[PDB]
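> Here is my input; please provide its structure:
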Amino acid sequence: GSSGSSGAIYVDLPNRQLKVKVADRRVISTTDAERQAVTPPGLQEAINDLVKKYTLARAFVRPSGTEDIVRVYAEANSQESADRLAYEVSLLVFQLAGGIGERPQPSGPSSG
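Residues are numbered from 1 along each chain as shown. Shown next is the structure:
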């Protein structure tokens, strides 16, 4: 007889990504200038506060890059926090960067 084994990862924290098809650039007030502290000045803070107000949470965003759509991502120790934050962030942007298009949908507590 004989036996082997599988070597790989066995744990992948929860995470959630989104995409805000920004209508465009400029125009928006809180969407100009790029000096004095990494911009946008506040977002990082606002979210940060939310990232701190949460349990082991983490949110991020990626502007233009090989595309014309914004990238959103939020994770946490819990799936909910991961979703909540995510959904929120995406929204936070929708307004912050007056993001539009495909809007973020609510996870919705449903299990069976």
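> what about the helices in the protein?
Per DSSP state H, the chain carries helices over the ranges 43-53, 79-96.
> Check which helices and strands the last one sits against.
Counting contacts by 3 or more CB pairs under 8 Å, 6 or more residues apart in numbering; DSSP states H and E, the secondary-structure elements packed against helix 79-96 are strand 15-20, helix 43-53, strand 57-62, strand 70-76. For the C-beta atoms, the positions are set from N, CA and C on the backbone; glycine is no exception.
> do the shortest one as well
The helices and strands touching helix 43-53, judged by 3+ CB pairs under 8 Å, 6+ apart, are strand 57-62, helix 79-96.
> For residue 19, which of the helices of the chain is the nearest?
Closest of these to residue 19 is helix 79-96, at 8.2 Å (criterion: CB to CB).
> Any buried residues in stretch 55-63, and which?
For stretch 55-63, the neighbour count (16 or more other CB atoms under 10 Å) marks 57-59, 61 as buried.
> Dump the helices and strands packed on helix 43-53 to a markdown table, plus distance to residue 10.
Formatted as a markdown table, the helices and strands packed on helix 43-53 follow (distance: least, CB to CB, whole Å):
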| stretch | distance to residue 10 |
| --- | --- |
| strand 57-62 | 21 |
| helix 79-96 | 18 |
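> In contact with the spatially most central residue of the chain, which residues?
Centroid check for the chain by CA atoms, centre = their mean gives residue 73 as the closest residue, at 2.7 Å. Counting by CB atoms under 8 Å, 6 or more residues apart in numbering, residue 73 makes contact with 15-18, 59-62, 86, 89.
> Repeat that for residue 85.
Counting by CB under 8 Å, 6+ apart, residue 85 has contacts 16, 50-51, 54, 57, 59, 74-76.
> Which one of the residues you listed is nearest to residue 102?
Closest approach between those and residue 102, by CB to CB: residue 16, at 14.3 Å.
> does the closest one really touch residue 75, like I thought?
Yes. Contact criterion CB atoms under 8 Å: residue 16 and residue 75 qualify, at 7.1 Å.
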